[PDB]
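**Student:** Handing you this structure, nothing more for now.
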Amino acid sequence: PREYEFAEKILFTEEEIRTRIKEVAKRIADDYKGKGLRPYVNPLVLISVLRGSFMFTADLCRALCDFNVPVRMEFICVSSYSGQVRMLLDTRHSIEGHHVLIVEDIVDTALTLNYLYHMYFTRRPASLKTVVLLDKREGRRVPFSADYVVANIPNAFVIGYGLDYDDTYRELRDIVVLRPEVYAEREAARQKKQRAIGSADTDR
Amino acid sequence: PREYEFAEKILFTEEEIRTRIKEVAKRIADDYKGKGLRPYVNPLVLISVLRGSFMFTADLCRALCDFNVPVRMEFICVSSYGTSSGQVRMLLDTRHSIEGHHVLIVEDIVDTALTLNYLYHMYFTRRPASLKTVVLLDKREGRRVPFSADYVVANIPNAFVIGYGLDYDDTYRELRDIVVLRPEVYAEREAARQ
Ligand SMILES: O=c1[nH]cnc2c1ncn2[C@@H]1O[C@H](COP(=O)(O)O)[C@@H](O)[C@H]1O
Ligand SMILES: O=c1[nH]cnc2c1ncn2[C@@H]1O[C@H](COP(=O)(O)O)[C@@H](O)[C@H]1O
């Protein structure tokens, strides 16, 4: 019964999301069952890639607790300059000798996940896997597969549940698709204010 | 209810928390209603202070969407130095300027309030249009400096809680409920000679 004037439709609802997550969670706890996870010494370190995945991470770990999987929360922040490769915040502690699970919001071209994967993989972790809230499969620019996928979606601009558009709509409880209407009406006013060529460097 | 061997008693349950947040979300919406929050141009900037607030922040903004309050999520990360001033090291700053915007700092708990007062002052200097703070938990007696939040989800006694984002030795942040760590563990873990 939720509606968003700015959305063209609705891909998943809060509850639908909760279910798939609870599902993959269980599937994650089962794969690590024989790895000997332990609080304090051998936790499953979750590298939460800010900022798209903040919501998915909140719920994801809680679900993982329901299946008694000790985890350690790590938060890194990446950005774009393609692919979000500019590192703005790295992990708080070492990941060496630990089992790590990179938590990404949505893998599209995979340029980011691919980059983050090899990056941390070279930091000798006990093992490295990946989990993404959404997979766009048909958008890859490099070959990359996420160990765990919450849902596969068709190429479209999604927002909500942590996902965003110009830092907007992250707070939605549901995963909806931005109306191309707003995309245009919005960037046209953004790419405008941006071009405020204030470069008043009048040297001469 | 859930059983927690390492926990001594539960202070609040997910559902108990889900409720108090709605009421606080509600209040916030009532307060900022006369300002004119509008997406993109003038939203309620939430400065989520990693990492104790990762989970609180997540629910809070969803509850705020319910009362249809436009928000902008900013994630900042601080670190200690090794200071009776509260000074901390900035590891991650807001991506956008908070000047001329209404800001709401989202902290997980406020014991000594040293870090929070420092963060408050700092951002205060950046000329925001207004600046308030919302805390999941509060220990009014353990203040090492004068400070009062603007929205306290729940007041608590000077105990040592964990869960719902809060930690102990970088552990237990994933708990769904806020619980009190039993001494036996706090001591058995303090075998810091290795
Ligand atoms: O439809 C979308 N909506 C919002 N963000 C997106 C969307 N597609 C990709 N992203 C973001 O782009 C980042 C990098 O994607 P990739 O490098 O193409 O794998 C992801 O972590 C997301 O934050
Ligand atoms: O009872 C507690 N359990 C876990 N962490 C706590 C507790 N009390 C305070 N903290 C942490 O100590 C930090 C500093 O407190 P503040 O300066 O009063 O905000 C908080 O941001 C929390 O991360």
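Bear in mind these aren't lab numbers, they're just calculated from the coordinates by the rules spelled out. For neighbour counting, all protein chains shown are included, and Cβ atoms are generated from backbone atoms with ideal geometry for every residue, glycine included.
**Student:** Restricted to segment B:168-184, and to residues that are outside any loop (DSSP other than H, G, I, E, B) and away from ligand 2 (no atom under 13 Å from the Cβ), which residue is farthest from B:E15 (Cα to Cα)?
**Tutor:** Filtering segment B:168-184 down to residues outside any loop (DSSP other than H, G, I, E, B) leaves B:178-181, B:183-184.
In the following step, the residues that additionally are away from ligand 2 (no atom under 13 Å from the Cβ) were identified as B:183-184.
On the way: B:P183: 26, B:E184: 28 Å.
If we take residues in segment B:168-184 being outside any loop (DSSP other than H, G, I, E, B) and away from ligand 2 (no atom under 13 Å from the Cβ), then B:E184 is farthest from B:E15 (Cα to Cα).
**Student:** Could you pull out the residue among B:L91, B:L131 that is aliphatic (A, V, I, L, M), surrounded by 15 or more Cβ atoms within 10 Å (Cβ to Cβ) and either touching a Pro at 6+ places or on another chain (Cβ under 9 Å) or within 27 Å of B:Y168 (Cα to Cα) (or both)? Step through it out loud before you land on a result.
**Tutor:** Details: B:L131 fails: either touching a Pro at 6+ places or on another chain (Cβ under 9 Å) or within 27 Å of B:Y168 (Cα to Cα) (or both).
Sole residue among the options that is aliphatic (A, V, I, L, M), surrounded by 15 or more Cβ atoms within 10 Å (Cβ to Cβ) and either touching a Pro at 6+ places or on another chain (Cβ under 9 Å) or within 27 Å of B:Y168 (Cα to Cα) (or both): B:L91.
**Student:** Take B:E3 and tell me if it is of a type in the set (D, E, K, R) and either assigned to a helix (DSSP H, G or I) or touching a helix residue (DSSP H, G or I) at 6+ places or on another chain (Cβ under 9 Å) (or both). Show your work before the answer.
**Tutor:** Values: of a type in the set (D, E, K, R): yes; either assigned to a helix (DSSP H, G or I) or touching a helix residue (DSSP H, G or I) at 6+ places or on another chain (Cβ under 9 Å) (or both): no.
For B:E3, the condition - of a type in the set (D, E, K, R) and either assigned to a helix (DSSP H, G or I) or touching a helix residue (DSSP H, G or I) at 6+ places or on another chain (Cβ under 9 Å) (or both) - is not met.
**Student:** I'd like the full set of residues that are more than 14 Å from chain A (Cβ to nearest Cβ), of a type outside the set (A, V, I, L, M) and buried (at least 16 other Cβ atoms within 10 Å of the Cβ), limited to segment B:151-181.
**Tutor:** Filtering segment B:151-181 for residues more than 14 Å from chain A (Cβ to nearest Cβ) gives B:151-161, B:180.
Subset that is of a type outside the set (A, V, I, L, M): B:151, B:155, B:157-158, B:160.
Passing the criteria: only B:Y151.
**Student:** Here's something else I'd like to know. Quick one: what pairs do we get from segment A:136-162, first residue on the phi > 0 side of the Ramachandran plot, second in a loop (DSSP other than H, G, I, E, B), C-beta under 6 Å, 6+ apart or different chains?
**Tutor:** Short answer, once both residue conditions are applied: A:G160/A:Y169; A:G160/A:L172; A:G160/A:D174; A:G162/A:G52; A:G162/A:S53; A:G162/A:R170.
**Student:** Would you mention how many residues in segment B:9-39 are surrounded by fewer than 15 Cβ atoms within 10 Å (Cβ to Cβ) and outside any helix (DSSP H, G or I)?
**Tutor:** Looking only at that region, the number is 6.
**Student:** Let me ask something else. Taking the conditions exactly as written (within 9 Å of chain B (Cβ to nearest Cβ), over 21 Å from A:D164 (Cα atoms) and among the aliphatic types (A, V, I, L, M)), does A:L37 satisfy them or not? Quick ask: steps written out before the conclusion?
**Tutor:** On the way: within 9 Å of chain B (Cβ to nearest Cβ): no; over 21 Å from A:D164 (Cα atoms): yes; among the aliphatic types (A, V, I, L, M): yes.
Against the criterion (within 9 Å of chain B (Cβ to nearest Cβ), over 21 Å from A:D164 (Cα atoms) and among the aliphatic types (A, V, I, L, M)), A:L37 does not qualify.
**Student:** Which one is nearest to A:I106 (Cα to Cα) among residues in segment A:134-156 that are touching a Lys or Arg at 6+ places or on another chain (Cβ under 9 Å) and near ligand 1 (Cβ under 9 Å from one of its atoms)?
**Tutor:** A:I153
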